[PDB]
Structure formats: structure tokens, C-alpha cells
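Taking the form deposited in one PDB entry, here's one chain by itself in C-alpha cells.
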């Protein structure tokens, strides 16, 4: 029970820094994944069009 309060009280301290950094990490991971899907889709479209011209 003493280590529960020790760890909880520990993490509650100045947790706003780690929360800002972790949130930013989340946004950047999502933006990353969606950018990757956009790149794949755009490459498929590019190959398609190039096929169309010929």
C-alpha cells in the first residue's frame, strides 16, 4: 500500500510536461500513418495515370 501511494504521488507530479509530450507524440504518430496511406494511394494513382497515357 505504501508503494501504491509512492508511485501514484510520483507520477502525479508535474505530469503536464509528460502529458504534452505524449499527446504530441500521439498526434505525430497518427499524422505519420495517414501520410503513409496518402503516399501509397497517390503512388497507385500515379502508376494508374501513367498507364492511362500510354
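Residues that one form lacks are left out of the comparison. Just so we're on the same page, rigid core means the largest C-alpha set that superposes within 1.5 Å between forms. Residue numbers count along the first chain shown, from 1.
The following text describes the form deposited in another entry, which does not appear among the structures shown.
- Following superposition on the rigid core between this form and the one not shown, the residue from 11, 46, 20, 32 with a C-alpha displacement of 2 angstroms or more is 11, and no other.
- An increase of at least 3 Å in the separation of the C-alpha atoms of residue 11 and residue 26 is found in the other entry, compared with the displayed form.
- 1 to 14 stands as the sole run between this form and the one not shown where every Cα shifts by 2 Å or more, at least three residues long, with the core as reference frame.
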